[PDB]
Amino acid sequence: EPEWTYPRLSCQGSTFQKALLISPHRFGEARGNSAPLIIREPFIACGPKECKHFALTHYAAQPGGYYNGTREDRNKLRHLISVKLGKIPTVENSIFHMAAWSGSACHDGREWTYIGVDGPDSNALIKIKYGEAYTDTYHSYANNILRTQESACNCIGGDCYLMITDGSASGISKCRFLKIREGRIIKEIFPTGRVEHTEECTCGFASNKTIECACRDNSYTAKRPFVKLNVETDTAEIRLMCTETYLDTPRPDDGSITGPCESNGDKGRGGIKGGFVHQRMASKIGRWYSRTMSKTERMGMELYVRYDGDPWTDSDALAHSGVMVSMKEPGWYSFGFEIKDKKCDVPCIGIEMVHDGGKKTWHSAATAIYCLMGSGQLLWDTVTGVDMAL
């Protein structure tokens, strides 16, 4: 049948470039004739021949009459939807996979695994679908909003890994990893180290032996929790990123958190899911990350890279690698993903660009894509082009 998929060396390249903007609300004007779906938390995952652009819809279109409530996180109507990357996610072009107010998905070489969380806050549920068939669930172990990545899970040899957490977004959230094979949970991994508060991990393969993730601590630090997961022993350890280039929002100024790598620092409450993707070379490993340009609001988005070293011990500043979204434009969640070329994998970061006018209007987002492409430096930024009054 199809071979199972594995991480491969990345395609040659040394800079990212602007690739593609999916801005559905460019066609949502009241005088227009389209039906872009109102969504948030977009992410992309690719199989061998195609990528799918996922998001959590509020099950409402622009223009329409169900804008009230579209700025809330969880309810009984939100669903995980997708379109093939490059198609506009409208009512008709999308597929509704399952009810979900938190999601993930990934292809293993043979088939797609879709993950969607719903249920009441005190007792929510991870539901897993493999292709068409609902195949498994996982229960709330801390009875406070069981939730997951909002980005691609990661499969190697048929084993797909997924970060989940449950418990307080303001206190302790001890996260866990699930190992899922053909839609069924075959192992639960309890991490070690700094496990007190890890949210919305963005994960990817550092090699065939290691998954790494850069996550969000919503209460104590603007340094990102960083996961190293050994795929062969099914063990994970988490410690803060030591770089003075703190990747969360809010954050203090770079280099301002004194003391050892584990020091929490100021402006730690609050957070944002951040992009991270690997460039695997025969010789070395590139780790690419994104963060907003404002230190306090979800505005702008800049790319950074560092080759090798240990993210847990290295306080060195990451190398600035281009403005993907200026300060004038929204820069909300970002995520890594990889496109499969014939012989190598292309690392990319996607950027959620939320159209926020508060609760008295519709709330949704565009998705911008940057990928490793040629040499030199990143050349152009992305704007959504949407006027929320139309």
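Don't overthink the numbering: it's just position in the shown sequence, from 1.
*Asks:* Look up the CA B-factors in the entry and say which stretch, 200-208 or 163-171, has the higher mean.
*Replies:* Per the PDB record, 163-171.
*Asks:* Is the mean CA B factor in the deposited entry higher across 269-277 or across 315-323?
*Replies:* Higher mean C-alpha B-factor in the PDB entry: 315-323.
*Asks:* Given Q149, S122, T292, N93, identify the residue with the highest C-alpha B factor in the PDB entry.
*Replies:* Answer, based on the entry's C-alpha B-factors: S122.
*Asks:* Comparing recorded Cα B-factors across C155, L77, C213, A236, which one is largest?
*Replies:* Result of the comparison over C155, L77, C213, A236: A236.
*Asks:* Could you place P89 in the lowest, middle or highest third of its chain by Cα temperature factor, using the values in the record?
*Replies:* As the PDB entry reports it, the C-alpha B-factor of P89 lands in the middle third of its chain.
*Asks:* Can you work out whether the C-alpha temperature factor of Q377 puts it in the lowest, middle or highest third of the chain?
*Replies:* Top third by C-alpha B-factor.
*Asks:* According to the PDB entry, is the CA B factor of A133 in the bottom, middle or top third of its chain, that is, lowest, middle or highest?
*Replies:* CA B-factor rank for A133: middle third.
*Asks:* So where's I285 on the chain's Cα temperature factor ranking, which third?
*Replies:* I285: CA B-factor falls in the highest third of its chain.
*Asks:* Thinking about Cα B factors across the chain, which third does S10 belong to?
*Replies:* For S10, whose C-alpha B-factor we compare with every modelled residue in the chain, the answer is the highest third.
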